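Asker: Next one to model:
(2 chains)
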Amino acid sequence: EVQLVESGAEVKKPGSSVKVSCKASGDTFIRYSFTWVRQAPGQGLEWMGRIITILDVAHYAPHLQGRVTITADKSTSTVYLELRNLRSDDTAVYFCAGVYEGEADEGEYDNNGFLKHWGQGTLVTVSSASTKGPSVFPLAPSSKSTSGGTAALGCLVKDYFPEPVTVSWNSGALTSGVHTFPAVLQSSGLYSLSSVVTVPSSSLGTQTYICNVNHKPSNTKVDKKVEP
Amino acid sequence: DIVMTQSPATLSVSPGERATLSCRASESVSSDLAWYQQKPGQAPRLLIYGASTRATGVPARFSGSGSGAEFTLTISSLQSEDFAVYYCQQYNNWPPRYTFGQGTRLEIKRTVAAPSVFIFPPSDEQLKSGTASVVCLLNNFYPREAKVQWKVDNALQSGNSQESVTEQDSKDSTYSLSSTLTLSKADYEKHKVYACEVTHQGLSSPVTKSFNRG
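Answerer: Numbers count the residues shown, from 1 in each chain, chains lettered A, B, ... in the order given. Structure as follows:
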């Protein structure tokens, strides 16, 4: 079975063209067919096209025909998706996916239409707005709800563009009770997002808490140590 | 174009009960129908193909059924970790021009849980930037319906706050909500009492959290 690893998030101006890569590792490349599925924010899935790797032939969705191209290079086990003359409606997460088709290099093909293996996706933002790194502000734990009991704390990742931004705690060690909210588009047109976490309050003075923020689109990677 | 319809677009069924998701095609697709499960911030996961074949590593509670134009997805013992949007996809036509239904969001209808409230003052670093963000948090509650009221010196604020809600937790089926009041450092400093008044079914009466500037 293959493991698909897609390229990073991208911002693209309306009318430009985007090319997304997908690296496949594992099984024999040519024994797989690959598909690109996209999902506009808050919307369902849209099948884009599929390439029959072995024959190097691809078919596409009627509405995207003419401005989309899917390619695959056996030598690098990489599948490519090229979308041209981008528009606002093209803003979405683009997913790479595939399925084993049998011993294709030995005369057989199942022509499976379903998708078993998926990539992590790639967010593509069609916009003319400027990329901007976020500021990371700490949410101080002075906030006590339970009798001592439970304390809350977090980080405010404010004014960045475009999406996405990832947040982790203690380099990934703290995952219990963590709630990272969906990004929100502010009045400014810039995004903001908070990541909070509840921990036993009797540990504020002994346990160190740090949020690990990353906005790859602007090469901004920050670590904010939160203190009460 | 073969249209795949999934209705309701949303369903709410109790934990431990059996969920029945629906999918129909604008025309016959025989048994070339697949089901996918997509959890928050995750890529779809193949559940069923050939209309009724469980894919590798898929629990037996997930069952495919139907053929032609009418299909059904069943999850016999709904758990918290089952929260997701389920999609059906047909792949019976040729040339290969497959289409997906628009999914059904499956909410786990757990018991009511009151929210735990926390209010956060602006950090000092942000204040240097001439802007102040006051954050209120409603943690692990159910149902999703919640009213957050901001008051500055008992003055009920409005149109100057934004809220964000997490998706149903995969462990306890609860939600978490953040309300962020935004105002100029200038406006902030000429005030003393900031309050967050929460209202939720699990609460006998409105719960408020607050702090005094400084």
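Asker: for the residue in chain B that chain A sits nearest to, what are its contacts?
Answerer: Distances between chain B and chain A by C-beta to the nearest C-beta are smallest at residue B:91, namely 2.5 Å. (C-beta placed from N, C-alpha, C; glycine too.) By C-beta atoms under 8 Å, 6 or more residues apart in numbering or on different chains, residue B:91 lies in contact with A:113, A:114, B:29, B:32, B:33, B:34, B:98.
Asker: Between those residues, which sits nearest residue A:199?
Answerer: residue B:34 (41.6 Å; C-beta to C-beta).
Asker: per-domain residue ranges of chain B.
Answerer: The record's domain parsing of chain B by curated CATH domains lists B:1-110, B:111-213.
Asker: tell me how far the last one is from the chain's mean position?
Answerer: The reference is to domain B:111-213. Domain B:111-213 has its C-alpha centroid displaced from the chain centroid by 19 Å (C-alpha atoms, centre = their mean, to the nearest Å).
Asker: now stretch A:44-63
Answerer: Taking C-alpha atoms, centre = their mean, the mean C-alpha location of stretch A:44-63 is offset from the chain mean by 21 Å.
Asker: do the same with stretch A:3-19
Answerer: Centre-to-centre, stretch A:3-19 and its host chain are 11 Å apart (C-alpha atoms, centre = their mean).
Asker: in that stretch, what counts as buried?
Answerer: By neighbour count, with 16 or more other C-beta atoms under 10 Å in any protein chain shown as the criterion, the buried positions of stretch A:3-19 are A:4, A:6, A:7, A:9, A:10, A:11, A:12, A:18.
Asker: next one: stretch A:180-191
Answerer: Of the residues in stretch A:180-191, A:180, A:181, A:182, A:183, A:190, A:191 count as buried by neighbour count, 16+ other C-beta under 10 Å.
Asker: so which of those residues also contact chain B?
Answerer: Of the entries in the buried residues of stretch A:180-191, those that also sit close to chain B under the rule C-beta under 8 Å from any C-beta of the partner chain are A:180, A:181, A:182, A:183.
Asker: returning to what we had before: among the buried residues of stretch A:180-191, which are in strands?
Answerer: In strands, judged by DSSP state E, the following of the buried residues of stretch A:180-191 are found: A:180, A:191.
Asker: and which of the contacts of residue B:91 is nearest residue A:92?
Answerer: Distance from residue A:92 was checked for each of the contacts of residue B:91 by C-beta to C-beta. The minimum falls on residue B:98, at 17.4 Å.
Asker: For that closest one, which residues are in contact?
Answerer: Applying C-beta under 8 Å, 6+ apart to residue B:98 gives the contacts A:47, A:50, A:113, B:89, B:90, B:91.
Asker: let's see it at 10 Å
Answerer: With contact set as C-beta atoms under 10 Å, 6 or more residues apart in numbering or on different chains, residue B:98 has these partners: A:35, A:37, A:47-50, A:59, A:61, A:113-115, B:2, B:4, B:29, B:32, B:34, B:89-92.
Asker: Any chance of a markdown table for the contacts of residue B:91, columns secondary structure and distance to residue A:138?
Answerer: As requested, these are exported to a markdown table (DSSP: H, G, I helix; E, B strand; the rest coil; distance: C-beta to C-beta, whole Å):
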| residue | secondary structure | distance to residue A:138 |
| --- | --- | --- |
| A:113 | coil | 49 |
| A:114 | coil | 46 |
| B:29 | coil | 53 |
| B:32 | coil | 53 |
| B:33 | strand | 49 |
| B:34 | strand | 45 |
| B:98 | coil | 47 |
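Asker: partners of residue B:99 in the sheet?
Answerer: residue B:90 (DSSP bridges).
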